[PDB]
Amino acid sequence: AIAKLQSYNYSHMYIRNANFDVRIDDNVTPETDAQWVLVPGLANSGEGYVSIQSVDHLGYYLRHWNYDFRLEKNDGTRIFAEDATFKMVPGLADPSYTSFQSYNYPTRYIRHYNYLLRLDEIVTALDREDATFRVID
């Protein structure tokens, strides 16, 4: 499914590709920078696992490299797949929304740190809000 990923706590902002960097922003141009294909997890086909593919750069996925995020072309490896697969879980700040738990670092979640996208431990209530997104498809 093609989706937009809206920040729970900054609801005018969306996860977007910015010349292969990853950030949240409002007023996203081109609009396809903010559009993603949620596909079955590259590292696991089971229920709830997803990989997040860029719409305007097919074959490119949100991939964490340690705790940073990049939009990277799939090199076919299991390690890439694991760094690019997330469990979609009920929102940490509000279960009606969505959070993205890392497949290979299960205590870490996708979160925006200000405008940047990171894979962090989620300790505080603000961390939970930074790690919660509305999936709009």
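Start at 1 with the first residue shown and count on from there.
*Asks:* Could you check the entry and say whether 26-34 or 43-51 has the higher mean CA B-factor?
*Replies:* Averaged over C-alpha atoms, the B-factors run higher in 26-34.
*Asks:* Tell me which of 61-69 and 108-116 has the higher mean C-alpha B-factor in the deposited entry.
*Replies:* The deposited B-factors put 61-69 ahead on the C-alpha mean.
*Asks:* Please say which third, lowest, middle or highest, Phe20 falls into when its CA temperature factor is compared across its chain.
*Replies:* Highest third of the chain for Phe20's C-alpha B-factor.
*Asks:* Lowest, middle or highest third: where is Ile136 by Cα B-factor in its chain?
*Replies:* For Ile136, the deposited C-alpha B-factor lands in the highest third.
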